[PDB]
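Reading through the structure tokens given below for one structure.
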Amino acid sequence: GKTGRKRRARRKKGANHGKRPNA
Amino acid sequence: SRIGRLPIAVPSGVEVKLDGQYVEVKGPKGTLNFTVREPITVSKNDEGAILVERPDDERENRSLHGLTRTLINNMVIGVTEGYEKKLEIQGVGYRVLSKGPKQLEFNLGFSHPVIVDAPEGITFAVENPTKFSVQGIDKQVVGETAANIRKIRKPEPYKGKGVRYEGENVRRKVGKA
Amino acid sequence: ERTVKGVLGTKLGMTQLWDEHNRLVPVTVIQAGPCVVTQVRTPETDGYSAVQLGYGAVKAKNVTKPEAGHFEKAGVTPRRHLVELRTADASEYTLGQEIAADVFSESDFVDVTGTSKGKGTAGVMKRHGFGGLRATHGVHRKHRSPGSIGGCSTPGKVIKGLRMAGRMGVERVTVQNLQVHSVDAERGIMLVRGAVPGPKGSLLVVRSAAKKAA
Amino acid sequence: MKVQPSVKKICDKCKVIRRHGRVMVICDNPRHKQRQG
Amino acid sequence: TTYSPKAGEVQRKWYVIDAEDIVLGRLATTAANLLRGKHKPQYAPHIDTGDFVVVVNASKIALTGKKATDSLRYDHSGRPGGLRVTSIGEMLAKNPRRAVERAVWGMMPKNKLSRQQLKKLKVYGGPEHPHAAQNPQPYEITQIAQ
RNA sequence: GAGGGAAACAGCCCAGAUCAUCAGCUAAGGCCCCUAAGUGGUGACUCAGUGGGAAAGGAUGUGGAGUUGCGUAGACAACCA
RNA sequence: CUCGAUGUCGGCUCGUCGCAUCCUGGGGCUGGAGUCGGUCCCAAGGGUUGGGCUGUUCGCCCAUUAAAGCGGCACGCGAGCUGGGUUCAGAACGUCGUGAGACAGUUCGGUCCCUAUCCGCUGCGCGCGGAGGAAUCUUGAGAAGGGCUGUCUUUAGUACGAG
RNA sequence: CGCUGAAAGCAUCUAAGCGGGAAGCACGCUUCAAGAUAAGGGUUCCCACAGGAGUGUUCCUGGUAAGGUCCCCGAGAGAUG
Ligand SMILES: CON(C)Cc1ccc(O)c2c1C[C@H]1C[C@H]3[C@H](N(C)C)C(O)=C(C(N)=O)C(=O)[C@@]3(O)C(O)=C1C2=O
Ligand SMILES: [Mg+2]
Ligand SMILES: [Mg+2]
Ligand SMILES: [Mg+2]
Ligand SMILES: [Mg+2]
Ligand SMILES: [Mg+2]
Ligand SMILES: [Mg+2]
Ligand SMILES: [Mg+2]
Ligand SMILES: [Mg+2]
Ligand SMILES: [Mg+2]
Ligand SMILES: [Mg+2]
Ligand SMILES: [Mg+2]
Ligand SMILES: [Mg+2]
Ligand SMILES: [Mg+2]
Ligand SMILES: [Mg+2]
Ligand SMILES: [Mg+2]
Ligand SMILES: [Mg+2]
Ligand SMILES: [Mg+2]
Ligand SMILES: [Mg+2]
Ligand SMILES: [Mg+2]
Ligand SMILES: [Mg+2]
Ligand SMILES: [Mg+2]
Ligand SMILES: [Mg+2]
Ligand SMILES: [Mg+2]
Ligand SMILES: [Mg+2]
Ligand SMILES: [Mg+2]
Ligand SMILES: [Mg+2]
Ligand SMILES: [Mg+2]
Ligand SMILES: [Mg+2]
Ligand SMILES: [Mg+2]
Ligand SMILES: [Mg+2]
Ligand SMILES: [Mg+2]
Ligand SMILES: [Mg+2]
Ligand SMILES: [Mg+2]
Ligand SMILES: [Mg+2]
């Protein structure tokens, strides 16, 4: 799903270091 | 640009004014004008010829080099000799006639005859009810006018009927074998 | 940008005629009375080309000082109404010029503009042609209801422009391509084949047909 | 014209070009016309 | 106590920028800075200390790449199917003032004061402006080294 | 488990709030404007708004580094037998 | 996530959106004589019927039509309607159980409330402002509506085709 | 679907450029519209009142002009406005 894909891809932001709650 | 690096020979009676980026070409047949793209320059090469120079050996330099060389050569060869295109019509009932050098009338199997006007630099010349021609001083304008005349009724792949170029290799097949 | 001829009139009513093919034609009778050019609008001073026409019989005690001064500058007697005509030939019009119904011939197509008859607050079934509910089969106090007016939690709202009940009538309506049947200028009567908006006695603007004809 | 993600030369006369950002195959035979999409 | 301007204490000036061949982004950033008065040592977010900006030749604003036909601007009337879209090239040709105001407003904070200050931006697509009485001084977009 | 960062965003990153301060230095993250600080310096690459989502597969996109065949015994195209 | 209640099928009404286009518009290739088609590119402006059967969705059928598109919106829409189906207590049949009873088996019957506070939306006013107070006529930034299509005649029995 | 045309001595609808090309896009047609506080424009009318405080006059009271409303008779209008 689009929402799931965006949620998973949000972990690629700079301040996060490849990790994010709920992937 | 192998084409571009070759020079352009100005012929007799042809006036070539290189006013920086903007260029005038006078000749017996008329007048043409053109602006070269900025990273390309033009020189006279002892006033008897024309040279175009690419300032760098990149892609756009070479591409515009060849383009400008060919297009300037086209305008000079046009003003010294002109441009001619022969169009021939096949298929019964198809005819072309002239209401002047710049006015054509086509009966291409339509409901009614169709009228074709010419631009100022375009003049028609018909010699046969099934063959005619167009002449001018601009190669692009002559080509597009011939293309429009063909688009009026493009050749078919069954009986060739339609306005075709003189050397056009029209494809053909057979339906009701 | 378009050149339009125009005149102002009053809806007197309707009757019927028979044309030369013996066809019954409904005709509206418009007292296309004398109109006077009260003001001409030019791009230099106003920014667009139009002609302001007067028309109307007014009592001298019902015309105020600003209106009286406007008409005095126009050089004409005061008129009740003032309506503009957006024409591209406004210049050809001189201040105080006389305009009569004979500006239209016996077969010109015209567009007639007027304010429609009012109906008050109308229901959906009348002002929008809503099909209501059935009269029987358990319909519960909703025989003329509008039905649903939206979706659900998405969008949890009523979309803008939904057709619901409201006040209908009294609005600018233009009916186009009406063929003028006859013009009698010596009494200012115009017979126009068709039905035009508005009650009897309303003001009507008769202009040349924008779409020329059918 | 065939619109396919995979466009290839079919005959020896077909030519692969890049026109307006799209890969195209132009040939004298009209059957071989192709465009990526 | 840190200094704070008092209403009309800071005197607001009039600048004019010739948008001739100037990138829309640089023009908008410069206009926003001038309108908010960020170049003044008397700056204060809560009091309008900026200057009036008159932009001329907005129809000749430079755009890079294929922006003139691929950079789109959208408006919605608030009703279904109420979207209109037009390219920035068309908008610069037709209503350049709208384009410049949209850019500057987007670059300016989202405030009541910012709404008030955006009225100080007078954008004209041609080379002439009607504010000779206000006597705008020419402003040149420059950079400070290092 | 407040504070800073992640647009917002218990679980990610920085960092553990004794109170006051209209002082200074930093962390993560940042320095065109929103938004504090560089429209920083120098050298390359990109022209797809890629950057600012995705596969098998496909493509004379473009820069760079090889290996190798042929070539003024005259190469590859274009043009006459 | 909601069990100190987020009412669950189909129709009615009212729409709106996507395009993975049913018709109408345009174009390529055709294994495109003509006439027609079949492919798949564009394209969502408008249009996309009435009935028989069944609670039905679905589906089949009748008669048309340019066509009778596919989907989203809490399988749109019950503080809008419908209660035929579903899922209460009655009863019967079949099956199961020693029995009380059970059955996404079937059958007949069977209560469904709300005066709109807020947002939303359709309309209509009052106020104040528009750097004097007024009267009239206006420009249009911007917004909305509208956008369907057939048959016949003629070109012409012309083009095409062996007919 | 094209014209001219290189990069790539040719070719190529394309890299420079130009032309055609749909009920779609924007207009054309109709309607609303300056609360468009950016509060527009034209034309016309009325006019430098009076009395106080005053602190550049400021501002607050009072009678008017042009004009308008209330009230009354109504409808082509309307739930009431
Ligand atoms: C066919 O399925 N539909 C959806 C259900 C339904 C349909 C129509 C009805 O008419 C009723 C019901 C449910 C039942 C529920 C009963 C229950 N009781 C029997 C234990 C109860 O708990 C109460 C109560 N006072 O709480 C009631 O109201 C009640 O007795 C009653 O009357 C009902 C009804 O009316
Ligand atoms: Mg999936
Ligand atoms: Mg009914
Ligand atoms: Mg009843
Ligand atoms: Mg909500
Ligand atoms: Mg802890
Ligand atoms: Mg924390
Ligand atoms: Mg945070
Ligand atoms: Mg935060
Ligand atoms: Mg520091
Ligand atoms: Mg750091
Ligand atoms: Mg913020
Ligand atoms: Mg720099
Ligand atoms: Mg930099
Ligand atoms: Mg892309
Ligand atoms: Mg992207
Ligand atoms: Mg990829
Ligand atoms: Mg509760
Ligand atoms: Mg599509
Ligand atoms: Mg539709
Ligand atoms: Mg659309
Ligand atoms: Mg079924
Ligand atoms: Mg639907
Ligand atoms: Mg549902
Ligand atoms: Mg509901
Ligand atoms: Mg029941
Ligand atoms: Mg039920
Ligand atoms: Mg029995
Ligand atoms: Mg038993
Ligand atoms: Mg039952
Ligand atoms: Mg109610
Ligand atoms: Mg408008
Ligand atoms: Mg608005
Ligand atoms: Mg070619
Ligand atoms: Mg070609």
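To find a chain, count down the sequence lines: A is the first, B the second, and so on, and within it residues start at 1. Atoms considered below: every heavy atom in the structure, side chains included; atoms not considered: hydrogens, waters and symmetry mates.
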Any [X] side-chain N or O less than 4.0 Å from OP1/OP2 of [N]:
{"X": "E:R98", "N": "H:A36", "result": "no"}
{"X": "A:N22", "N": "F:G11", "result": "no"}
{"X": "E:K38", "N": "F:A36", "result": "yes"}

[N] with [M]: Watson-Crick or G-U wobble pair, both contacts under 3.5 Å?
{"N": "G:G47", "M": "G:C22", "result": "yes"}
{"N": "G:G15", "M": "G:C73", "result": "yes"}
{"N": "F:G38", "M": "F:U21", "result": "no"}

(request) Measure from the side-chain heavy atoms of B:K139 and tell me the nearest of H:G5, H:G78, H:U14. (result)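 Shortest atom-to-atom distance from the side chain points to H:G5.
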(request) Would you write the dot-bracket representation of RNA chain H, where each base gets (, ), [, ], | or . depending on whether it forms a Watson-Crick or G-U pair under 3.5 Å and with which partner? (result) (((.....|.......))).........||.|..|....|||||||..((((......))))...................
(message) Within the 4.5 Å heavy-atom criterion, are D:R22 and D:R19 side-chain neighbours or not?
(response) no
Quick one: look at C1'-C2'-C3'-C4' in [N] and give me north (positive) or south (negative).
{"N": "F:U62", "value": "north"}
{"N": "G:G99", "value": "north"}
{"N": "G:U57", "value": "north"}
{"N": "G:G83", "value": "south"}

Strictly by Watson-Crick or wobble contacts shorter than 3.5 Å, is anything paired with [N], and which nucleotide is it?
{"N": "F:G3", "answer": "F:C14"}
{"N": "F:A48", "answer": "none"}
{"N": "F:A73", "answer": "none"}
{"N": "G:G69", "answer": "G:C19"}
{"N": "F:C25", "answer": "none"}

(request) Could you pick out which residue, E:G25 or E:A145, lies toward the 5' side of RNA chain F when each is mapped onto its nearest nucleotide? (result) E:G25
(request) Determine the Euclidean distance between corresponding P atoms of G:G55 and G:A79; express it in Å to zero decimal places. (result) 27 Å
(request) Identify, between C:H128 and C:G156, the residue whose nearest nucleotide on RNA chain G lies closer to the 5' end. (result) C:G156
(request) Could you grab the distance from atom CZ of C:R127 to atom CE of C:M164, nearest 0.5 Å is fine? (result) 9.0 Å
(message) Is it the case that the side chain of C:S148 and the backbone of C:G150 share a donor-acceptor pair, with hydrogens and angles ignored and the cut-off at 3.5 Å?
(response)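 Looks like yes, one N/O pair under 3.5 Å.
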